[PDB]
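**Q** The file below is coords-v4.csv, CSV, C-alpha atoms and all ligand atoms:
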```csv
chain,number,residue,atom,x,y,z
M,1,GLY,CA,0.0,0.0,0.0
M,2,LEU,CA,1.0,3.6,-0.6
M,3,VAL,CA,-0.7,4.8,2.5
M,4,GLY,CA,0.7,4.9,6.0
M,5,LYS,CA,1.3,6.9,9.1
M,6,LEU,CA,4.5,7.5,11.2
M,7,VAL,CA,4.2,8.6,14.9
M,8,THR,CA,6.4,9.8,17.5
M,9,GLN,CA,4.9,10.0,21.0
M,10,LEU,CA,6.7,11.5,24.0
M,11,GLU,CA,5.8,12.1,27.6
M,12,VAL,CA,6.3,15.7,28.9
M,13,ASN,CA,6.1,16.9,32.5
M,14,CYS,CA,3.6,19.7,31.9
M,15,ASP,CA,-0.2,20.1,32.0
M,16,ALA,CA,-1.7,19.2,28.7
M,17,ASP,CA,-3.8,22.4,28.1
M,18,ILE,CA,-0.9,24.7,28.9
M,19,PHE,CA,1.5,22.7,26.8
M,20,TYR,CA,-0.9,22.8,23.9
M,21,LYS,CA,-1.1,26.6,24.2
M,22,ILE,CA,2.7,26.7,24.2
M,23,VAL,CA,3.1,24.6,21.0
M,24,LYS,CA,0.2,26.4,19.3
M,25,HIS,CA,2.1,29.8,19.4
M,26,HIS,CA,5.7,28.5,19.1
M,27,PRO,CA,13.1,27.4,17.0
M,28,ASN,CA,16.1,27.3,14.7
M,29,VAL,CA,17.9,24.0,15.0
M,30,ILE,CA,17.4,24.1,11.2
M,31,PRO,CA,17.9,27.0,8.8
M,32,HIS,CA,14.4,28.2,8.0
M,33,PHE,CA,12.1,31.2,7.4
M,34,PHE,CA,8.5,31.7,6.2
M,35,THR,CA,6.2,34.2,4.6
M,36,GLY,CA,2.5,34.0,4.6
M,37,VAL,CA,-0.8,35.1,6.1
M,38,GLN,CA,-3.2,34.5,8.9
M,39,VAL,CA,-6.7,33.1,8.4
M,40,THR,CA,-9.8,34.2,10.3
M,41,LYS,CA,-13.2,32.8,10.7
M,42,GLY,CA,-12.5,38.3,12.7
M,43,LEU,CA,-10.2,36.3,15.0
M,44,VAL,CA,-7.2,34.4,13.7
M,45,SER,CA,-8.0,30.7,13.5
M,46,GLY,CA,-5.0,29.4,11.5
M,47,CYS,CA,-2.3,30.4,9.1
M,48,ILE,CA,-1.0,29.7,5.7
M,49,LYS,CA,2.7,29.8,5.4
M,50,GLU,CA,5.3,29.2,2.6
M,51,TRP,CA,8.4,27.8,4.4
M,52,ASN,CA,12.0,27.9,3.1
M,53,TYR,CA,14.1,25.4,5.1
M,54,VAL,CA,17.0,23.1,5.0
M,55,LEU,CA,16.5,19.4,5.9
M,56,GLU,CA,19.5,17.1,6.2
M,57,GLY,CA,21.6,19.7,4.3
M,58,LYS,CA,19.2,20.2,1.4
M,59,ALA,CA,17.2,23.5,0.8
M,60,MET,CA,13.4,22.9,0.3
M,61,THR,CA,10.1,24.8,0.3
M,62,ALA,CA,6.6,23.8,1.4
M,63,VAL,CA,3.2,25.5,1.6
M,64,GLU,CA,1.5,24.6,4.9
M,65,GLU,CA,-2.0,25.4,6.1
M,66,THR,CA,-2.4,25.1,9.9
M,67,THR,CA,-5.7,24.8,11.8
M,68,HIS,CA,-6.3,24.1,15.5
M,69,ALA,CA,-9.0,22.6,17.7
M,70,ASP,CA,-8.8,23.8,21.2
M,71,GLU,CA,-11.4,21.4,22.6
M,72,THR,CA,-9.2,18.4,21.6
M,73,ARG,CA,-5.8,20.2,21.9
M,74,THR,CA,-5.0,19.3,18.3
M,75,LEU,CA,-3.0,21.2,15.7
M,76,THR,CA,-3.2,20.1,12.0
M,77,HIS,CA,-0.6,21.1,9.4
M,78,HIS,CA,-1.7,20.4,5.9
M,79,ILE,CA,1.0,20.5,3.2
M,80,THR,CA,-0.3,21.5,-0.3
M,81,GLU,CA,2.9,22.0,-2.3
M,82,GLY,CA,6.7,21.9,-2.2
M,83,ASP,CA,9.5,19.4,-2.2
M,84,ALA,CA,7.7,16.8,-0.1
M,85,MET,CA,4.9,16.7,-2.7
M,86,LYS,CA,7.4,15.2,-5.2
M,87,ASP,CA,7.3,12.1,-3.0
M,88,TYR,CA,3.8,12.2,-1.5
M,89,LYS,CA,0.3,12.7,-2.9
M,90,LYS,CA,-0.8,13.7,0.6
M,91,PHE,CA,1.2,14.8,3.6
M,92,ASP,CA,-0.4,16.0,6.9
M,93,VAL,CA,1.1,16.4,10.4
M,94,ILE,CA,-1.2,16.2,13.4
M,95,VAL,CA,0.0,17.2,16.8
M,96,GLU,CA,-2.1,16.1,19.8
M,97,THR,CA,-1.5,16.8,23.5
M,98,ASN,CA,-3.4,14.8,26.2
M,99,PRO,CA,-3.0,14.5,29.9
M,100,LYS,CA,-1.5,11.4,31.4
M,101,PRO,CA,-4.0,9.3,33.4
M,102,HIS,CA,1.1,13.4,35.8
M,103,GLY,CA,2.0,15.7,32.9
M,104,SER,CA,1.0,14.9,29.4
M,105,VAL,CA,1.6,12.8,26.2
M,106,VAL,CA,2.4,14.6,23.0
M,107,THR,CA,1.8,12.8,19.7
M,108,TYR,CA,3.1,13.9,16.3
M,109,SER,CA,1.6,11.9,13.5
M,110,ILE,CA,2.6,12.1,9.8
M,111,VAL,CA,-0.2,10.8,7.7
M,112,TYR,CA,1.1,10.2,4.2
M,113,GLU,CA,0.2,8.7,0.8
M,114,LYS,CA,3.2,7.9,-1.5
M,115,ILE,CA,3.1,8.9,-5.2
M,116,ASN,CA,4.4,5.4,-6.0
M,117,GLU,CA,6.2,2.4,-4.3
M,118,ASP,CA,9.6,3.9,-5.0
M,119,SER,CA,8.9,6.9,-2.7
M,120,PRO,CA,10.5,6.8,0.8
M,121,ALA,CA,8.4,6.9,3.9
M,122,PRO,CA,9.0,10.3,5.8
M,123,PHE,CA,11.5,9.1,8.5
M,124,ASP,CA,13.5,12.3,7.8
M,125,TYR,CA,10.5,14.5,8.7
M,126,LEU,CA,9.6,12.3,11.7
M,127,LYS,CA,13.1,12.7,13.1
M,128,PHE,CA,13.0,16.5,12.4
M,129,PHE,CA,9.7,17.0,14.2
M,130,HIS,CA,10.8,14.7,17.1
M,131,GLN,CA,14.0,16.6,17.7
M,132,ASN,CA,12.1,19.9,17.5
M,133,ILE,CA,9.6,18.9,20.3
M,134,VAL,CA,12.4,17.4,22.4
M,135,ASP,CA,14.2,20.7,22.2
M,136,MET,CA,11.1,22.8,23.0
M,137,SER,CA,10.2,20.6,25.9
M,138,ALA,CA,13.7,20.9,27.3
M,139,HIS,CA,13.3,24.7,27.6
M,140,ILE,CA,10.2,24.4,29.8
M,141,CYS,CA,10.1,23.6,33.5
M,142,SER,CA,8.0,23.7,36.7
S,1,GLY,CA,10.7,12.6,29.5
S,2,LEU,CA,12.7,9.5,28.9
S,3,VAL,CA,9.6,7.6,27.8
S,4,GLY,CA,8.1,7.4,24.3
S,5,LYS,CA,6.8,5.4,21.5
S,6,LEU,CA,7.5,5.3,17.7
S,7,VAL,CA,5.0,3.8,15.3
S,8,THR,CA,4.9,2.9,11.7
S,9,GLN,CA,1.5,2.0,10.3
S,10,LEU,CA,0.9,0.7,6.8
S,11,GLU,CA,-2.1,-0.4,4.8
S,12,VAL,CA,-1.8,-3.9,3.2
S,13,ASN,CA,-4.2,-5.5,0.7
S,14,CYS,CA,-4.7,-8.8,2.7
S,15,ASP,CA,-7.3,-10.0,5.2
S,16,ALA,CA,-6.2,-9.2,8.7
S,17,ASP,CA,-6.4,-12.7,10.2
S,18,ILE,CA,-4.5,-14.3,7.4
S,19,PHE,CA,-1.9,-11.6,7.4
S,20,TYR,CA,-1.4,-12.0,11.1
S,21,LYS,CA,-0.8,-15.8,10.6
S,22,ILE,CA,1.8,-15.0,7.9
S,23,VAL,CA,3.7,-12.5,10.1
S,24,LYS,CA,3.4,-14.8,13.2
S,25,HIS,CA,5.4,-17.6,11.4
S,26,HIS,CA,7.7,-15.5,9.3
S,27,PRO,CA,13.9,-12.5,5.6
S,28,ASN,CA,17.5,-11.4,5.1
S,29,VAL,CA,17.7,-7.8,4.0
S,30,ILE,CA,20.1,-7.8,7.0
S,31,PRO,CA,22.8,-10.2,8.0
S,32,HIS,CA,21.3,-12.1,10.9
S,33,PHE,CA,20.9,-15.4,12.7
S,34,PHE,CA,19.4,-16.6,16.0
S,35,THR,CA,19.6,-19.4,18.4
S,36,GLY,CA,17.1,-20.1,21.1
S,37,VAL,CA,14.1,-22.1,22.3
S,38,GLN,CA,10.4,-22.3,22.1
S,39,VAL,CA,8.1,-21.7,25.0
S,40,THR,CA,4.9,-23.7,25.8
S,41,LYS,CA,2.0,-23.2,28.1
S,42,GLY,CA,2.4,-28.7,25.6
S,43,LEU,CA,1.8,-26.4,22.6
S,44,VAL,CA,4.3,-23.7,21.6
S,45,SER,CA,3.1,-20.2,22.7
S,46,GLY,CA,6.1,-18.1,22.0
S,47,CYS,CA,9.9,-18.2,21.7
S,48,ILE,CA,13.0,-16.9,23.3
S,49,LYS,CA,15.7,-16.1,20.8
S,50,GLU,CA,19.3,-14.7,21.0
S,51,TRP,CA,19.7,-12.7,17.8
S,52,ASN,CA,23.1,-11.8,16.1
S,53,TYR,CA,22.5,-9.2,13.5
S,54,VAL,CA,24.0,-6.2,11.7
S,55,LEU,CA,22.1,-2.8,11.8
S,56,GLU,CA,23.4,0.1,9.7
S,57,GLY,CA,26.7,-1.8,9.3
S,58,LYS,CA,27.3,-2.6,13.0
S,59,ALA,CA,27.1,-6.1,14.5
S,60,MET,CA,24.9,-6.4,17.5
S,61,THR,CA,23.1,-9.0,19.7
S,62,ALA,CA,19.7,-9.0,21.5
S,63,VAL,CA,17.7,-11.4,23.6
S,64,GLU,CA,14.0,-11.3,22.6
S,65,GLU,CA,11.0,-13.0,24.1
S,66,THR,CA,8.0,-13.2,21.7
S,67,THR,CA,4.4,-13.8,22.8
S,68,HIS,CA,1.3,-13.7,20.7
S,69,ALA,CA,-2.5,-13.1,21.2
S,70,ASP,CA,-4.5,-14.6,18.4
S,71,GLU,CA,-7.8,-12.9,19.6
S,72,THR,CA,-6.3,-9.5,19.0
S,73,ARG,CA,-3.9,-10.5,16.2
S,74,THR,CA,-1.0,-9.0,18.2
S,75,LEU,CA,2.6,-10.1,18.5
S,76,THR,CA,4.8,-8.7,21.3
S,77,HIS,CA,8.6,-8.8,21.2
S,78,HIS,CA,10.2,-8.1,24.6
S,79,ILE,CA,13.9,-7.3,24.5
S,80,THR,CA,15.7,-8.2,27.8
S,81,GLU,CA,19.4,-7.8,26.9
S,82,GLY,CA,21.8,-6.7,24.1
S,83,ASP,CA,23.2,-3.6,22.4
S,84,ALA,CA,19.9,-1.8,22.5
S,85,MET,CA,19.9,-2.1,26.3
S,86,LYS,CA,22.9,0.2,26.4
S,87,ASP,CA,20.5,2.9,25.3
S,88,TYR,CA,17.1,1.9,26.7
S,89,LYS,CA,15.9,0.7,30.1
S,90,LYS,CA,12.9,-0.8,28.3
S,91,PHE,CA,12.5,-1.8,24.6
S,92,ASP,CA,9.4,-3.6,23.3
S,93,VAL,CA,8.0,-4.0,19.8
S,94,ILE,CA,4.3,-4.7,19.4
S,95,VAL,CA,2.9,-5.7,16.0
S,96,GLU,CA,-0.9,-5.4,15.5
S,97,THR,CA,-2.9,-6.3,12.4
S,98,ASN,CA,-6.6,-5.1,12.1
S,99,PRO,CA,-9.0,-5.1,9.2
S,100,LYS,CA,-9.7,-1.9,7.4
S,101,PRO,CA,-13.4,-0.7,8.0
S,102,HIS,CA,-10.7,-3.6,2.3
S,103,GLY,CA,-7.5,-5.4,3.5
S,104,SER,CA,-5.9,-4.5,6.7
S,105,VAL,CA,-3.8,-2.0,8.7
S,106,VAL,CA,-0.5,-3.3,10.2
S,107,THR,CA,1.0,-1.2,13.1
S,108,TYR,CA,4.6,-1.7,14.5
S,109,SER,CA,5.1,0.2,17.7
S,110,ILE,CA,8.4,0.5,19.5
S,111,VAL,CA,7.7,1.4,23.2
S,112,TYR,CA,10.9,2.6,24.8
S,113,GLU,CA,12.3,4.2,27.9
S,114,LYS,CA,15.7,5.8,27.5
S,115,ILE,CA,18.5,5.3,30.0
S,116,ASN,CA,19.1,9.0,30.0
S,117,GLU,CA,18.5,12.2,27.9
S,118,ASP,CA,21.6,11.6,25.8
S,119,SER,CA,20.1,8.3,24.5
S,120,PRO,CA,18.7,8.4,20.9
S,121,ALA,CA,15.2,7.5,20.1
S,122,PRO,CA,15.1,4.3,18.1
S,123,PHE,CA,14.5,5.6,14.6
S,124,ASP,CA,17.1,3.1,13.3
S,125,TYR,CA,15.0,0.2,14.5
S,126,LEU,CA,11.7,1.8,13.3
S,127,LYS,CA,13.2,2.1,9.7
S,128,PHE,CA,14.5,-1.5,9.9
S,129,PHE,CA,11.1,-3.0,11.0
S,130,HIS,CA,9.4,-0.8,8.4
S,131,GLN,CA,11.5,-1.9,5.5
S,132,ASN,CA,11.1,-5.5,6.7
S,133,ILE,CA,7.2,-5.4,6.6
S,134,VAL,CA,7.2,-3.5,3.3
S,135,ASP,CA,9.4,-6.3,1.8
S,136,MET,CA,7.3,-9.1,3.3
S,137,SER,CA,4.1,-7.4,2.1
S,138,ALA,CA,5.5,-7.1,-1.4
S,139,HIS,CA,5.9,-10.9,-1.7
S,140,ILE,CA,2.2,-11.5,-1.0
S,141,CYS,CA,-0.6,-11.2,-3.5
S,142,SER,CA,-4.3,-12.0,-4.3
G,1,LIG,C1,7.1,19.1,4.3
G,1,LIG,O1,6.7,19.1,5.6
G,1,LIG,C2,6.7,20.3,6.4
G,1,LIG,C3,7.7,21.1,6.1
G,1,LIG,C4,7.8,22.2,6.9
G,1,LIG,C5,6.9,22.5,7.8
G,1,LIG,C6,7.0,23.8,8.5
G,1,LIG,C7,6.8,23.7,10.0
G,1,LIG,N1,5.6,23.6,10.5
G,1,LIG,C8,5.5,23.5,11.8
G,1,LIG,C9,6.6,23.6,12.7
G,1,LIG,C10,7.8,23.8,12.1
G,1,LIG,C11,9.0,23.9,12.9
G,1,LIG,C12,10.2,24.1,12.2
G,1,LIG,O2,11.4,24.2,13.0
G,1,LIG,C13,11.4,25.3,13.8
G,1,LIG,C14,10.3,24.1,10.8
G,1,LIG,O3,11.5,24.3,10.2
G,1,LIG,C15,11.5,23.8,8.9
G,1,LIG,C16,9.1,24.0,10.1
G,1,LIG,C17,7.9,23.8,10.7
G,1,LIG,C18,5.8,21.6,8.1
G,1,LIG,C19,5.8,20.5,7.3
G,1,LIG,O4,4.8,19.5,7.5
G,1,LIG,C20,3.7,19.9,8.2
G,2,LIG,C1,16.9,-4.6,19.6
G,2,LIG,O1,15.7,-4.8,18.9
G,2,LIG,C2,15.5,-6.0,18.3
G,2,LIG,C3,16.5,-6.6,17.6
G,2,LIG,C4,16.3,-7.7,16.9
G,2,LIG,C5,15.0,-8.3,16.9
G,2,LIG,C6,14.9,-9.6,16.2
G,2,LIG,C7,13.7,-9.7,15.3
G,2,LIG,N1,12.6,-9.9,15.9
G,2,LIG,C8,11.5,-10.0,15.0
G,2,LIG,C9,11.7,-9.9,13.6
G,2,LIG,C10,13.0,-9.7,13.1
G,2,LIG,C11,13.3,-9.6,11.7
G,2,LIG,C12,14.6,-9.5,11.3
G,2,LIG,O2,14.9,-9.4,9.9
G,2,LIG,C13,14.5,-10.6,9.2
G,2,LIG,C14,15.6,-9.4,12.2
G,2,LIG,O3,16.9,-9.2,11.8
G,2,LIG,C15,17.7,-8.5,12.7
G,2,LIG,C16,15.4,-9.4,13.6
G,2,LIG,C17,14.0,-9.6,14.0
G,2,LIG,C18,13.9,-7.7,17.6
G,2,LIG,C19,14.2,-6.5,18.2
G,2,LIG,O4,13.2,-5.8,18.9
G,2,LIG,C20,12.1,-6.6,19.2
```
Could you express the structure from this file as structure tokens?
**A**
Amino acid sequence: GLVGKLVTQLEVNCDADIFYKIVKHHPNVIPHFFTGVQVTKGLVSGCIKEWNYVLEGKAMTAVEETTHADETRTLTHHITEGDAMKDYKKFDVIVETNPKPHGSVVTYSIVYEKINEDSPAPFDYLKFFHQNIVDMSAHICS
Amino acid sequence: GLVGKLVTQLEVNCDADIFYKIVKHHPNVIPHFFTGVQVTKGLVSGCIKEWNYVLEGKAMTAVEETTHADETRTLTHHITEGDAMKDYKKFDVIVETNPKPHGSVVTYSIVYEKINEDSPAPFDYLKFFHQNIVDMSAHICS
């Protein structure tokens, strides 16, 4: 099948709702910048960004639309164009934060559909997003 | 947190129960061998294997105990010793096969606890297990 999902899940010592608000509004362990716009539904609900970035040494671009759901503490990043779309027909990244039954569990999911069987699965992106949330989490404390 | 999980999930065009039986009883895109024993509860329920294998060029060993649950089509591989335990206090690999709401969805989950913050997350194992189930799946058809 061309269809799959990669996940990295990490425990964080931080209340879920506060951690979601931190991630929602938040650096450069990678060369990167973006231009773009915010989206409203007159309050900002999301954004559309064109990113320029370097992954594993290679410069790339991507157009990303981000939406959020405060009730479920979920952020959704929907990629519509760029280098990744040479490999994937569909590429979405869903970030979920839930309390432990303390602190919380953060899940990054990359939901993808390959263009064909020769396409790689997005382990490079999984590692990138993983190291990004590890770094962010290591700059927060009690 | 030192605690996390990595997942790779793939769709396969194959009934779930049959695919589980295939995985349960099943090669060498990696240098590897094992010695070990089978476990009974007088019917074999599992196995305990000492593996010798090469991952990303480096020879390694691991002691693995495998159990299965036919009712949930789940295989559990519990690592008790070897090279990975220099990095992880706990390392388990859970393989689940479920029908799509056709064919099925296979999930490999690596549930880990790092020894300390300097330990890597097991992306190397995730890619290995991923490429192994992709290869196996590509030798099955209608
Ligand atoms: C091709 O895949 C992507 C490429 C870039 C992004 C951009 C992005 N979104 C959220 C957080 C990010 C965090 C980043 O690091 C700070 C970053 O640098 C490239 C890009 C980020 C998202 C992507 O997937 C949603
Ligand atoms: C350190 O982690 C492991 C190392 C080796 C294994 C051994 C193993 N179990 C199941 C399927 C396997 C499939 C393999 O490839 C055919 C293989 O080669 C190293 C080892 C396998 C399992 C492991 O985790 C469960």
**Q** Could you give me, as a PyMOL selection string, every polymer residue with an atom at most 7 Å away from an atom of ligand LIG 1 (chain G), counting only C-alpha atoms and all ligand atoms?
**A** chain M and resi 27-30+32+51+53-54+62+64+77-79+83-84+92-93+125+132
**Q** Out of M:2, M:55, M:7, M:95, which residue has the shortest atom-to-atom distance to residue 126 in chain M when counting only C-alpha atoms?
**A**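 So, comparing all the options, the nearest one is M:7.
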**Q** Chain S superposed on chain M over all ordered C-alpha pairs, least squares: can you write that as a tab-separated table (two decimals) with C-alpha atoms, in the coordinates of the input?
**A**
```tsv
chain	number	residue	atom	x	y	z
S	1	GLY	CA	-0.01	0.03	0.00
S	2	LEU	CA	1.02	3.56	-0.68
S	3	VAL	CA	-0.72	4.77	2.47
S	4	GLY	CA	0.70	4.96	6.00
S	5	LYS	CA	1.34	6.87	9.08
S	6	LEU	CA	4.46	7.50	11.26
S	7	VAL	CA	4.13	8.61	14.86
S	8	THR	CA	6.40	9.81	17.54
S	9	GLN	CA	4.90	10.02	21.02
S	10	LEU	CA	6.66	11.48	24.02
S	11	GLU	CA	5.81	12.04	27.65
S	12	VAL	CA	6.32	15.65	28.91
S	13	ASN	CA	6.10	16.88	32.52
S	14	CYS	CA	3.58	19.76	31.80
S	15	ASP	CA	-0.20	20.06	32.00
S	16	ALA	CA	-1.75	19.20	28.69
S	17	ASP	CA	-3.76	22.39	28.12
S	18	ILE	CA	-0.89	24.66	28.91
S	19	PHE	CA	1.48	22.66	26.80
S	20	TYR	CA	-0.89	22.80	23.89
S	21	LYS	CA	-1.03	26.66	24.20
S	22	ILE	CA	2.80	26.77	24.18
S	23	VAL	CA	3.11	24.58	21.05
S	24	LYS	CA	0.18	26.42	19.31
S	25	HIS	CA	2.13	29.78	19.44
S	26	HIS	CA	5.64	28.50	19.08
S	27	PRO	CA	13.10	27.42	17.01
S	28	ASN	CA	16.12	27.25	14.71
S	29	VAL	CA	17.87	23.93	14.98
S	30	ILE	CA	17.36	24.19	11.18
S	31	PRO	CA	17.90	27.05	8.81
S	32	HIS	CA	14.40	28.25	8.03
S	33	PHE	CA	12.09	31.16	7.37
S	34	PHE	CA	8.48	31.65	6.24
S	35	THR	CA	6.26	34.16	4.69
S	36	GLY	CA	2.52	33.98	4.63
S	37	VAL	CA	-0.80	35.09	6.11
S	38	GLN	CA	-3.18	34.44	8.88
S	39	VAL	CA	-6.63	33.03	8.41
S	40	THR	CA	-9.80	34.13	10.30
S	41	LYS	CA	-13.24	32.74	10.68
S	42	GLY	CA	-12.50	38.40	12.70
S	43	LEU	CA	-10.25	36.33	15.00
S	44	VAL	CA	-7.24	34.41	13.67
S	45	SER	CA	-7.99	30.63	13.40
S	46	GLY	CA	-5.00	29.38	11.56
S	47	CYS	CA	-2.27	30.39	9.10
S	48	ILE	CA	-1.03	29.71	5.66
S	49	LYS	CA	2.73	29.82	5.43
S	50	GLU	CA	5.33	29.29	2.61
S	51	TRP	CA	8.32	27.77	4.37
S	52	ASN	CA	12.01	27.86	3.08
S	53	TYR	CA	14.05	25.47	5.07
S	54	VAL	CA	17.03	23.10	4.97
S	55	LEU	CA	16.48	19.35	5.90
S	56	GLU	CA	19.52	17.06	6.17
S	57	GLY	CA	21.56	19.71	4.31
S	58	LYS	CA	19.16	20.26	1.37
S	59	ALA	CA	17.15	23.45	0.81
S	60	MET	CA	13.49	22.93	0.29
S	61	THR	CA	10.12	24.80	0.27
S	62	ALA	CA	6.58	23.82	1.41
S	63	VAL	CA	3.20	25.46	1.59
S	64	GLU	CA	1.45	24.60	4.89
S	65	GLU	CA	-2.01	25.39	6.12
S	66	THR	CA	-2.37	25.11	9.94
S	67	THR	CA	-5.69	24.74	11.77
S	68	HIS	CA	-6.26	24.12	15.42
S	69	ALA	CA	-9.01	22.60	17.70
S	70	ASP	CA	-8.72	23.86	21.22
S	71	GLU	CA	-11.38	21.32	22.54
S	72	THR	CA	-9.15	18.44	21.56
S	73	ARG	CA	-5.81	20.25	21.93
S	74	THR	CA	-4.93	19.28	18.33
S	75	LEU	CA	-2.99	21.16	15.69
S	76	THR	CA	-3.17	20.05	12.04
S	77	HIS	CA	-0.58	21.05	9.43
S	78	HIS	CA	-1.75	20.41	5.85
S	79	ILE	CA	0.98	20.52	3.23
S	80	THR	CA	-0.35	21.48	-0.27
S	81	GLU	CA	2.85	22.06	-2.29
S	82	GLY	CA	6.69	21.83	-2.12
S	83	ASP	CA	9.55	19.33	-2.23
S	84	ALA	CA	7.70	16.81	-0.15
S	85	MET	CA	4.95	16.72	-2.78
S	86	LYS	CA	7.42	15.19	-5.20
S	87	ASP	CA	7.23	12.13	-3.00
S	88	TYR	CA	3.73	12.16	-1.49
S	89	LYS	CA	0.25	12.70	-2.91
S	90	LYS	CA	-0.84	13.62	0.62
S	91	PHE	CA	1.27	14.86	3.60
S	92	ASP	CA	-0.31	16.00	6.88
S	93	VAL	CA	1.13	16.41	10.36
S	94	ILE	CA	-1.22	16.25	13.32
S	95	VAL	CA	0.01	17.23	16.80
S	96	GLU	CA	-2.11	16.09	19.80
S	97	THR	CA	-1.47	16.80	23.47
S	98	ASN	CA	-3.45	14.80	26.18
S	99	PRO	CA	-3.01	14.53	29.90
S	100	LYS	CA	-1.46	11.45	31.34
S	101	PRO	CA	-4.07	9.36	33.41
S	102	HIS	CA	1.08	13.36	35.79
S	103	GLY	CA	1.95	15.73	32.87
S	104	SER	CA	0.97	14.92	29.41
S	105	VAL	CA	1.55	12.80	26.28
S	106	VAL	CA	2.39	14.68	23.02
S	107	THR	CA	1.84	12.72	19.72
S	108	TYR	CA	3.14	13.91	16.25
S	109	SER	CA	1.66	11.87	13.46
S	110	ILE	CA	2.67	12.18	9.84
S	111	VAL	CA	-0.20	10.78	7.65
S	112	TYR	CA	1.09	10.21	4.15
S	113	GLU	CA	0.22	8.68	0.83
S	114	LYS	CA	3.15	7.98	-1.45
S	115	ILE	CA	3.14	8.87	-5.13
S	116	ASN	CA	4.41	5.43	-5.92
S	117	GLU	CA	6.24	2.41	-4.34
S	118	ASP	CA	9.65	3.92	-5.00
S	119	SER	CA	8.79	6.89	-2.70
S	120	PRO	CA	10.42	6.82	0.80
S	121	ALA	CA	8.43	6.95	3.93
S	122	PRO	CA	9.03	10.22	5.72
S	123	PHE	CA	11.40	9.17	8.47
S	124	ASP	CA	13.47	12.32	7.79
S	125	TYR	CA	10.54	14.52	8.72
S	126	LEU	CA	9.55	12.31	11.73
S	127	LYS	CA	13.17	12.73	13.17
S	128	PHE	CA	13.05	16.50	12.47
S	129	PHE	CA	9.65	17.04	14.25
S	130	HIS	CA	10.86	14.77	17.05
S	131	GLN	CA	14.06	16.62	17.71
S	132	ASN	CA	12.10	19.88	17.51
S	133	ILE	CA	9.58	18.88	20.33
S	134	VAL	CA	12.36	17.37	22.45
S	135	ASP	CA	14.23	20.74	22.23
S	136	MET	CA	11.11	22.81	22.94
S	137	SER	CA	10.22	20.53	25.87
S	138	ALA	CA	13.69	20.92	27.31
S	139	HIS	CA	13.28	24.72	27.61
S	140	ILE	CA	10.17	24.36	29.79
S	141	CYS	CA	10.14	23.66	33.49
S	142	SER	CA	8.04	23.64	36.74
```
**Q** Let me have the centre and edge lengths in Å, one decimal, of the box along x, y and z around every listed atom of ligand LIG 2 (chain G) with 5 Å of margin on each side, as AutoDock Vina command-line options.
**A**
```
--center_x 14.6 --center_y -7.6 --center_z 14.4 --size_x 16.2 --size_y 16.0 --size_z 20.4
```
**Q** Give me, as number ranges by chain, the residues of chain S touching chain M, with the criterion being at most 9 Å (counting all atoms listed in the file).
**A** S: 1-13, 105, 109, 121, 123, 126-127, 130, 134, 137
**Q** Tell me, as a PyMOL selection string, which residues lie within 7 Å of residue 63 in chain S, counting all atoms listed in the file; anything in the same chain fewer than 2 positions away does not count.
**A** chain S and resi 49-51+65+79-82
**Q** Tell me which protein, DNA and RNA residues are within 12 Å of residue 68 in chain S, counting only C-alpha atoms, leaving out same-chain ones fewer than 6 positions away, and put them as a VMD selection string.
**A** chain S and resid 20 to 21 23 to 25 39 to 40 44 to 47 74 to 78 93 to 97
